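Participant: Quick one: this structure, given as structure tokens, is what I'll be asking you about.
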Amino acid sequence: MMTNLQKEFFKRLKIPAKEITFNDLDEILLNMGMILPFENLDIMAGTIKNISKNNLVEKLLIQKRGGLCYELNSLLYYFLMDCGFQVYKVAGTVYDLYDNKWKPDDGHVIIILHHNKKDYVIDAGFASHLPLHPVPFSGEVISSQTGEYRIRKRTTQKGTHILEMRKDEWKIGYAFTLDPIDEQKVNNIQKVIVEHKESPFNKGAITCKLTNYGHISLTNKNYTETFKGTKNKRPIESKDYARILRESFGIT
Ligand SMILES: CC(C)(COP(=O)(O)OP(=O)(O)OC[C@H]1O[C@@H](n2cnc3c(N)ncnc32)[C@H](O)[C@@H]1OP(=O)(O)O)[C@@H](O)C(=O)NCCC(=O)NCCS
């Protein structure tokens, strides 16, 4: 019936095995955001394997770990393919809002879905900026607990399209193109994130996840909680780290 990946996927995301249709994508994205932590711990620990369906199922589903955008969306890609959707992966380049500049070229991986003559961006790897719904190329606003999002076909130094977002003023989240990327490219993207001097992900541990009242983030130095409108940062010690990872993110 269902593939091994589908079976494991349903189990991990606590979603009853069933046929997945377009209208079911919201539920998929929601659970992923609430359960699959956004993290770079393998990069920190120096235990990085190449990306593949099997490796993704082993790490994110079976060993109940999380991952970065290229892992989260690669897994979802495989899942959606098994579910029979018309999907493909494309590279993206994120914009650094604090320092006004583009992060490394193609440091993000997203999914483009074609459904009923319409294209949508499917993204479960943007950490705390998760749309939690397919974002239509037609431009209508998509709103969720994380903020508002919209797609615009605008050429930029890094692409042909952009995903903009806001809580008040619209700003570029990331730029992208519709050029299909394969596993080798995805493995190249991983390597660049592991070694680029300006890579945001090889400078310190990060683990983030959505909650019913916001989202939570944990670094080696601080635990940041966004809760019912409030945002607190608490310095932590070595032992608080291991405990929070476990208790708040299910990572053991
Ligand atoms: C990760 C993220 C949720 C952190 O923001 P937050 O939860 O609102 O809380 P803060 O902004 O105060 O940041 C908390 C910690 O995240 C760290 N951080 C932010 N972005 C980071 C990144 N890309 N890599 C590693 N650490 C990061 C900050 O340095 C901070 O550390 P500190 O508390 O020890 O000083 C937010 O930056 C985010 O959603 N980033 C998106 C990442 C992305 O582009 N993903 C797609 C490409 S893989």
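To be explicit about the labels: the chains of the structure tokens are called A, B, and onward in the order shown, and within each one the residues are counted from 1, while ligands get numbers from 1 in the order they are shown.
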Any residue with an atom at most 9 Å from ligand 1 counts, using only C-alpha atoms and all ligand atoms. Which are they? Put them as a PyMOL selection string.

Facilitator: chain A and resi 38-40+67-71+92-96+103+107-109+124-130+173-174+193+199-209+215-226+231-235

Participant: Quick one: everything within 10 Å of segment 176-183 of chain A, counting only C-alpha atoms, minus sequence neighbours fewer than 2 positions away in the same chain. Send it as a ChimeraX atom specification.

Facilitator: /A:50-53,74,87-94,105-106,108-112,153-163,174,185-189

Participant: Just N, CA, C and O atoms for this one: save the residues we selected as a CSV table (one decimal), in the first residue's frame.

Facilitator:
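Printed below is part-v2.csv as written:
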chain,number,residue,atom,x,y,z
A,50,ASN,N,25.4,12.5,3.3
A,50,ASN,CA,24.8,13.1,2.1
A,50,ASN,C,23.3,12.9,2.2
A,50,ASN,O,22.8,12.1,3.0
A,51,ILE,N,22.6,13.7,1.5
A,51,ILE,CA,21.1,13.7,1.5
A,51,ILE,C,20.6,12.6,0.6
A,51,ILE,O,21.0,12.5,-0.6
A,52,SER,N,19.7,11.8,1.1
A,52,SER,CA,19.0,10.8,0.3
A,52,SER,C,17.7,10.4,1.0
A,52,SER,O,17.6,10.7,2.2
A,53,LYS,N,16.8,9.9,0.3
A,53,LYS,CA,15.5,9.5,0.9
A,53,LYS,C,15.7,8.7,2.1
A,53,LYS,O,15.2,9.0,3.2
A,74,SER,N,13.5,18.4,1.5
A,74,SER,CA,13.9,17.2,0.7
A,74,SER,C,13.0,16.1,1.1
A,74,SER,O,12.4,15.4,0.3
A,87,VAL,N,5.5,17.9,-7.9
A,87,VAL,CA,6.4,18.7,-7.1
A,87,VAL,C,7.8,18.6,-7.6
A,87,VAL,O,8.2,17.6,-8.2
A,88,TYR,N,8.6,19.7,-7.3
A,88,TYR,CA,10.0,19.7,-7.6
A,88,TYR,C,10.7,20.7,-6.7
A,88,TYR,O,10.1,21.6,-6.2
A,89,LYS,N,12.0,20.5,-6.5
A,89,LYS,CA,12.8,21.3,-5.6
A,89,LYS,C,13.5,22.4,-6.4
A,89,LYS,O,13.9,22.2,-7.6
A,90,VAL,N,13.7,23.6,-5.8
A,90,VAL,CA,14.4,24.7,-6.4
A,90,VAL,C,15.3,25.3,-5.3
A,90,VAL,O,15.0,25.2,-4.1
A,91,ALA,N,16.3,26.0,-5.7
A,91,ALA,CA,17.2,26.6,-4.7
A,91,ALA,C,16.7,28.0,-4.5
A,91,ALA,O,15.9,28.6,-5.3
A,92,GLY,N,17.0,28.6,-3.3
A,92,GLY,CA,16.6,29.9,-2.9
A,92,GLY,C,17.8,30.6,-2.2
A,92,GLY,O,18.7,29.9,-1.8
A,93,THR,N,17.7,31.9,-2.1
A,93,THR,CA,18.8,32.6,-1.4
A,93,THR,C,18.0,33.5,-0.4
A,93,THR,O,17.2,34.4,-0.8
A,94,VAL,N,18.3,33.4,0.9
A,94,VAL,CA,17.6,34.2,1.9
A,94,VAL,C,18.3,35.6,2.1
A,94,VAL,O,19.5,35.7,1.8
A,105,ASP,N,24.6,32.3,-1.7
A,105,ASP,CA,23.8,31.9,-2.8
A,105,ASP,C,23.3,30.5,-2.7
A,105,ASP,O,24.0,29.5,-2.3
A,106,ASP,N,22.0,30.3,-2.9
A,106,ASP,CA,21.3,29.0,-2.8
A,106,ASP,C,21.4,28.3,-1.5
A,106,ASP,O,21.7,27.1,-1.5
A,108,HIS,N,19.1,27.9,0.6
A,108,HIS,CA,17.7,27.5,1.0
A,108,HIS,C,17.2,26.6,-0.1
A,108,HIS,O,17.6,26.7,-1.3
A,109,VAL,N,16.4,25.6,0.3
A,109,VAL,CA,15.8,24.7,-0.7
A,109,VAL,C,14.3,24.6,-0.4
A,109,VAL,O,13.9,24.4,0.8
A,110,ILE,N,13.5,24.8,-1.4
A,110,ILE,CA,12.0,24.8,-1.3
A,110,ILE,C,11.4,23.9,-2.3
A,110,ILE,O,12.0,23.4,-3.2
A,111,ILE,N,10.0,23.7,-2.2
A,111,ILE,CA,9.3,22.9,-3.1
A,111,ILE,C,8.3,23.7,-3.9
A,111,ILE,O,7.6,24.6,-3.4
A,112,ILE,N,8.2,23.4,-5.2
A,112,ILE,CA,7.2,24.1,-6.0
A,112,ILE,C,6.2,23.0,-6.4
A,112,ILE,O,6.6,22.0,-6.9
A,153,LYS,N,6.5,37.7,-8.6
A,153,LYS,CA,7.5,37.4,-9.6
A,153,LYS,C,8.2,38.7,-9.9
A,153,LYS,O,7.8,39.5,-10.6
A,154,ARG,N,9.3,38.8,-9.2
A,154,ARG,CA,10.2,40.0,-9.3
A,154,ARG,C,11.6,39.6,-9.4
A,154,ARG,O,12.1,38.7,-8.7
A,155,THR,N,12.3,40.1,-10.4
A,155,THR,CA,13.7,39.7,-10.7
A,155,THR,C,14.5,40.4,-9.6
A,155,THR,O,14.2,41.6,-9.2
A,156,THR,N,15.5,39.7,-9.1
A,156,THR,CA,16.4,40.3,-8.1
A,156,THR,C,17.8,39.7,-8.5
A,156,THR,O,17.9,38.9,-9.4
A,157,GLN,N,18.8,40.2,-7.8
A,157,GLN,CA,20.2,39.7,-8.0
A,157,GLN,C,20.3,38.2,-7.8
A,157,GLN,O,21.2,37.6,-8.3
A,158,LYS,N,19.3,37.6,-7.1
A,158,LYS,CA,19.4,36.2,-6.8
A,158,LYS,C,18.3,35.4,-7.4
A,158,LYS,O,18.2,34.2,-7.1
A,159,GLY,N,17.4,36.0,-8.2
A,159,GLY,CA,16.3,35.2,-8.7
A,159,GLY,C,15.3,35.8,-9.6
A,159,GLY,O,15.5,37.0,-10.0
A,160,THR,N,14.2,35.1,-9.9
A,160,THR,CA,13.1,35.6,-10.7
A,160,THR,C,11.9,35.8,-9.9
A,160,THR,O,11.0,36.5,-10.3
A,161,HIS,N,11.8,35.2,-8.7
A,161,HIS,CA,10.7,35.3,-7.8
A,161,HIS,C,11.2,35.5,-6.4
A,161,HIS,O,12.3,35.3,-6.1
A,162,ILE,N,10.2,35.9,-5.6
A,162,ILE,CA,10.6,36.2,-4.2
A,162,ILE,C,9.4,35.8,-3.3
A,162,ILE,O,8.2,35.8,-3.7
A,163,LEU,N,9.7,35.5,-2.0
A,163,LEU,CA,8.7,35.2,-1.1
A,163,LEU,C,8.9,36.4,-0.1
A,163,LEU,O,10.0,36.5,0.4
A,174,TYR,N,13.1,35.5,0.9
A,174,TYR,CA,14.1,34.9,0.1
A,174,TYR,C,13.7,35.0,-1.4
A,174,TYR,O,12.5,35.2,-1.8
A,185,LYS,N,22.8,18.5,-6.3
A,185,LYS,CA,22.8,20.0,-6.0
A,185,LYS,C,22.5,20.2,-4.6
A,185,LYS,O,23.1,21.0,-3.9
A,186,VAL,N,21.5,19.4,-4.1
A,186,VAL,CA,21.1,19.5,-2.7
A,186,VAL,C,22.3,19.1,-1.8
A,186,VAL,O,22.5,19.7,-0.7
A,187,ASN,N,23.1,18.2,-2.3
A,187,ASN,CA,24.3,17.8,-1.5
A,187,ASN,C,25.3,18.9,-1.5
A,187,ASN,O,26.1,19.1,-0.6
A,188,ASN,N,25.4,19.6,-2.7
A,188,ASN,CA,26.3,20.7,-2.8
A,188,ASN,C,25.9,21.9,-1.9
A,188,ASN,O,26.7,22.5,-1.3
A,189,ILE,N,24.6,22.1,-1.8
A,189,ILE,CA,24.0,23.1,-1.0
A,189,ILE,C,24.4,22.8,0.5
A,189,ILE,O,24.8,23.7,1.2

Participant: Work out how far apart atom CA of residue 241 of chain A and atom CA of residue 194 of chain A are and give it in Å to one decimal.

Facilitator: 22.3 Å

Participant: Could you go through segment 26-240 of chain A and tell me which residues DSSP, when run on the backbone, assigns to strand (DSSP E), listing them as a short mmCIF file (atom, residue, chain, number, x, y, z; two decimals) with C-alpha atoms, in the first residue's frame?

Facilitator:
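Dumped everything to result17.cif:
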data_model
loop_
_atom_site.label_atom_id
_atom_site.label_comp_id
_atom_site.auth_asym_id
_atom_site.auth_seq_id
_atom_site.Cartn_x
_atom_site.Cartn_y
_atom_site.Cartn_z
CA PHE A 38 14.79 23.13 12.63
CA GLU A 39 18.38 22.32 13.64
CA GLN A 86 3.42 17.34 -9.08
CA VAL A 87 6.37 18.74 -7.13
CA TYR A 88 10.00 19.69 -7.64
CA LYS A 89 12.78 21.32 -5.63
CA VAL A 90 14.43 24.67 -6.40
CA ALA A 91 17.20 26.64 -4.75
CA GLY A 92 16.63 29.92 -2.94
CA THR A 93 18.78 32.64 -1.41
CA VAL A 94 17.64 34.16 1.90
CA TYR A 95 17.98 37.87 2.71
CA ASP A 96 19.59 38.89 6.01
CA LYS A 101 22.52 41.59 2.61
CA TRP A 102 21.93 38.28 0.90
CA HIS A 108 17.73 27.46 0.97
CA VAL A 109 15.75 24.67 -0.67
CA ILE A 110 12.00 24.80 -1.26
CA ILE A 111 9.28 22.90 -3.11
CA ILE A 112 7.20 24.10 -6.05
CA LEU A 113 3.85 22.33 -6.43
CA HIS A 114 1.66 22.37 -9.53
CA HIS A 115 -2.01 21.78 -8.79
CA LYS A 118 -1.67 26.69 -10.42
CA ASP A 119 1.79 26.84 -8.86
CA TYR A 120 2.44 27.04 -5.13
CA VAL A 121 5.50 27.37 -2.95
CA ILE A 122 5.66 24.62 -0.33
CA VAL A 135 1.68 30.01 -0.98
CA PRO A 136 0.11 30.74 -4.40
CA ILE A 142 -1.23 33.66 3.26
CA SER A 143 -1.49 34.24 7.00
CA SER A 144 -0.59 31.96 9.88
CA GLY A 147 3.02 36.05 10.16
CA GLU A 148 1.88 36.87 6.62
CA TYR A 149 3.40 35.72 3.33
CA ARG A 150 3.04 36.34 -0.40
CA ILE A 151 4.74 35.38 -3.64
CA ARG A 152 5.77 37.93 -6.26
CA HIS A 161 10.67 35.26 -7.83
CA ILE A 162 10.56 36.20 -4.16
CA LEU A 163 8.65 35.23 -1.06
CA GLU A 164 7.95 38.35 0.98
CA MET A 165 6.76 38.39 4.57
CA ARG A 166 5.74 40.52 7.57
CA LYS A 171 10.15 42.51 3.17
CA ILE A 172 11.98 39.89 1.13
CA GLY A 173 12.28 36.57 2.92
CA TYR A 174 14.10 34.90 0.05
CA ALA A 175 14.55 34.98 -3.70
CA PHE A 176 14.36 31.91 -5.93
CA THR A 177 14.02 30.63 -9.50
CA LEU A 178 12.07 27.78 -11.08
CA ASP A 179 15.19 25.83 -12.12
CA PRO A 180 14.75 22.20 -10.86
CA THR A 207 17.34 24.42 17.30
CA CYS A 208 13.93 25.96 16.67
CA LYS A 209 10.35 24.73 16.71
CA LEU A 210 6.83 26.11 16.65
CA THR A 211 4.53 25.93 19.66
CA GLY A 214 4.65 30.99 19.29
CA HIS A 215 8.03 29.31 18.81
CA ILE A 216 11.16 28.42 20.76
CA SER A 217 14.86 28.67 19.94
CA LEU A 218 17.88 27.18 21.66
CA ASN A 222 20.67 31.07 25.26
CA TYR A 223 17.12 29.76 25.30
CA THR A 224 14.69 32.12 23.56
CA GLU A 225 10.95 31.76 24.04
CA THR A 226 8.30 33.58 22.01
CA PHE A 227 5.12 33.09 24.01
CA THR A 230 6.20 37.96 24.69
CA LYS A 231 9.79 37.22 23.73
CA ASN A 232 12.32 36.28 26.38
CA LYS A 233 15.97 35.25 26.22
CA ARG A 234 17.58 33.29 29.04
CA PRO A 235 21.32 32.55 29.31
#

Participant: Enumerate, as a PyMOL selection string, the complete set of residues in segment 12-249 of chain A that a backbone-based DSSP assignment places in helix (DSSP H, G or I).

Facilitator: chain A and resi 12+22-35+41-45+53-62+69-82+183-195+200-202+238-249

Participant: When you count only C-alpha atoms, which of these residues is closest to residue 55 of chain A: A:192, A:242, A:75, A:32?

Facilitator: A:75

Participant: Atom CA of residue 34 of chain A to atom CA of residue 191 of chain A: how many Å, to one decimal?

Facilitator: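 Between atom CA of residue 34 of chain A and atom CA of residue 191 of chain A the gap works out to 27.0 Å.
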
Participant: When distances are computed from only C-alpha atoms, which of A:139, A:132, A:116, A:35 shows the smallest separation from residue 11 of chain A?

Facilitator: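 Closest to residue 11 of chain A of all the choices is A:35.
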
Participant: Could you check how far atom CA of residue 145 of chain A sits from atom CA of residue 243 of chain A, in Å to one decimal?

Facilitator: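 Between atom CA of residue 145 of chain A and atom CA of residue 243 of chain A the gap works out to 26.8 Å.
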
Participant: Ranking A:23, A:212, A:238, A:54 by minimum distance to residue 6 of chain A and counting only C-alpha atoms, which one comes first?

Facilitator: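 Among the listed residues, A:54 lies closest to residue 6 of chain A.
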